[PDB]
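What follows is a short report on a single structure.
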Amino acid sequence: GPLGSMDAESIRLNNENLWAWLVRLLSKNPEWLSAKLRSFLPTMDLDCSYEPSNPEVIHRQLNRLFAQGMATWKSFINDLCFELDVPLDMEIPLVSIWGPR
């Protein structure tokens, strides 16, 4: 819907549950991730995979996005929800994932 502000993130704030969900679902889509990461990270060192789809390995990839932009994260999650078909709730709850704790 039309949002006057983008502060829905602070409202829908959740992270542990969302991260676990994100980690597992994205682990089922390393293919999507790498592809999208190339758009975000211009120097996408996605070839670096010491470990497979491990939680921290996933974290590593998402870390990179936080380095691009906090706004870039908000943008990424928009596509994440869109391209992965699954309706999580809204992208912005997930965008707020790096907020409190």
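Points worth noting:
- Consider the range 68-83 and keep the residues that are surrounded by fewer than 16 Cβ atoms within 10 Å (Cβ to Cβ) and of a type in the set (A, V, I, L, M, F, W, C). The one that is farthest from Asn14 (Cα to Cα) is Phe82.
- Residue match in the range 37-53 (condition: under 12 Å from the mean Cα position of the chain (by Cα), in a helix (DSSP H, G or I), among the charged types (D, E, K, R) and farther than 23 Å from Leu13 by Cβ): no
- Yes/no for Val57 being within 15 Å of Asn15 (Cα to Cα) and touching an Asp or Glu at 6+ places or on another chain (Cβ under 8 Å): no
- Any hit, the range 89-96, residues being free of Cβ contacts under 8 Å to residues at least 60 places away in the same chain and not charged (D, E, K, R): no
- Qualifying residue in the range 26-35 (condition: assigned to a helix (DSSP H, G or I), touching a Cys at 6+ places or on another chain (Cβ under 9 Å) and not charged (D, E, K, R)): no
- Candidate set from the range 29-67 (those that are of a type in the set (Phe, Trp, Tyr) and in contact (Cβ under 8 Å) with a residue 12 or more places away in the chain); member that is surrounded by the most Cβ atoms within 10 Å (Cβ to Cβ): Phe40
- Residues in the range 1-22 that are aliphatic (A, V, I, L, M) and within 20 Å of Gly69 (Cα to Cα) were compared, and the one that is surrounded by the fewest Cβ atoms within 10 Å (Cβ to Cβ) is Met6.
- Considering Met44, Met70, the condition of being in contact with a helix residue (DSSP H, G or I) (Cβ under 8 Å, 6 or more places away or on another chain), of a type in the set (A, V, I, L, M, F, W, C) and under 18 Å from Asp7 (Cβ atoms) is satisfied by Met70 alone.
- Residues of the range 1-21 satisfying the condition of being hydrophobic (A, V, I, L, M, F, W, C) and part of a helix (DSSP H, G or I): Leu18, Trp19, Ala20, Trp21
Because the Cβ atoms are built from the backbone with ideal geometry, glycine has one as well, and the counts that use them run over all protein chains shown. Since every read-out is calculated from the coordinates, none of them should be taken as a lab result.
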